[PDB]
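Geometric and topological summary
Listed below, chain by chain, are the residues.
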Amino acid sequence: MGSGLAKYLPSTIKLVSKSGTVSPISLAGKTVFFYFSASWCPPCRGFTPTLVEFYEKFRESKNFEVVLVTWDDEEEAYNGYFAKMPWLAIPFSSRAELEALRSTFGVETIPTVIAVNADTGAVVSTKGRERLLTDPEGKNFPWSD
Amino acid sequence: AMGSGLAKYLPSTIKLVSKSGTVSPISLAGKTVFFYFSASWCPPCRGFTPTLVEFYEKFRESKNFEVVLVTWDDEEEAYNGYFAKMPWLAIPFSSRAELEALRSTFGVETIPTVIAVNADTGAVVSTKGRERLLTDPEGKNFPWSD
């Protein structure tokens, strides 16, 4: 499946992990959080470790993945910031794909997490950046509505 | 020559677009320049734009300022239709790296935002005009510095 997630990206993209690459289709069956963030954004820098801790605890139990959608435009800054994260990222050089996601989800501000269902493409939630702060165990994950 | 404060923000090899033609960044010498980060797909942007248009029509001459759209649109027809509503200047749609560099330089986390700079010195003059214009339509406190 994962054909819902794949419709948000070119068919030829691979996501980057810490060690290799990941085909979007491999996220089938998961809730996928597009995390719009930048190393130069102070609230992003403070929110990232909150999301990292949640991912460490619940990635498998809640069956989700995070995909960084960078607003960094300098590759070394991107590299150092993504090094702090355990999840996936759109490659730094995929500038048009990054901008298409901003337009598609109407992302006016960072940090923002947009959750989609990888199989259907449906938007699952848009306020996780705020809701995670008062729900560290994710009892109300994925924070819909 | 004046206007050297803009050289880093608006490289001289890329002219700005106007309603009728093109404009070199150096032509903004001596002015306060508002970088207006905005997108046609952003509802608060669509509502703020006419407020800024009215202020520009009334006061851009008397207060010696210019507005430069920094687009977050990624579709050219959307950019064209939205900039058509505006009387000021814009970074060309295709200048994607220049647009992104301004976002990083001024740390623009949200739109709509206006960042004012001094065209001669490059100094940041104000960052909250998007909010402060709303309650100061005559610009009595322009350029709304902190």
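Residues numbered from 1 in each chain as written, not as in the entry; some residues may be left out. Chains lettered and ligands numbered in written order. Heavy atoms only, no water.

For this deposition, the record names X-ray crystallography as the technique by which the model was determined and cites 1.25 Å as its resolution.

For chain B, the name recorded in the PDB entry is Tryparedoxin, putative, with Trypanosoma cruzi as its organism. In the PDB, the entry goes by the title "Crystal structure of Tryparedoxin from Trypanosoma cruzi".

Where the PDB entry is consulted, chain A appears under the name Tryparedoxin, putative, with the organism given as Trypanosoma cruzi.

As for the overall build of chain A
To keep things clear, this is the line we draw: Strands here are runs of E lasting at least two residues and helices are runs of H or I lasting at least four, both read from the DSSP assignment and numbered beginning at the N terminus. Accessibility here uses a 1.4 Å probe with only protein chains present; expressed as a share of the type maximum, an area under 20% marks a residue as buried, one over 50% as exposed, and anything in between as partly exposed. Contacts between residues were defined by any pair of non-hydrogen atoms, one from each residue, lying within 4.5 Å. Shrake-Rupley sampling with a 1.4 Å probe provides the accessible areas, and residues are treated as covered by the protein chains on show and by no other component. The convention is simple: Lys and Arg are positive, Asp and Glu are negative, and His and the chain ends are not counted. Throughout, a charge is located at the NZ atom of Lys, the CZ atom of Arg, the CG atom of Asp or the CD atom of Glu.
Across its full length, chain A carries five helices and seven strands. Written out in order from the N terminus, the α and β elements of chain A read α-β-β-β-α-β-α-β-α-β-β-α. On the principal axes, the C-alpha backbone points of chain A span a range of 35 × 35 × 30 Å. The burial tally for chain A puts 52% of its 145 residues in the buried class. Restricting the contact set of chain A to residue pairs at least 6 apart, pairs at least 24 apart contribute 65%. Accessible surface computed for chain A: about 6,500 Å², of which carbon and sulfur atoms make up 51%. Here chain A contributes 15 positive and 17 negative side-chain charges, whose respective centroids are spaced 3 Å apart.

Structural notes on helix α4 (residues 95-104) of chain A
Within α4(A), seven of the ten residues are buried, which leaves it mostly tucked inside the rest of the structure. Residues of α4(A) that are buried make contact with β3 (31-37) and β4 (64-70) of chain A together with α3 (96-106) of chain B. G106(A) sits one or two residues past α4(A) and shows a positive phi near 55°.

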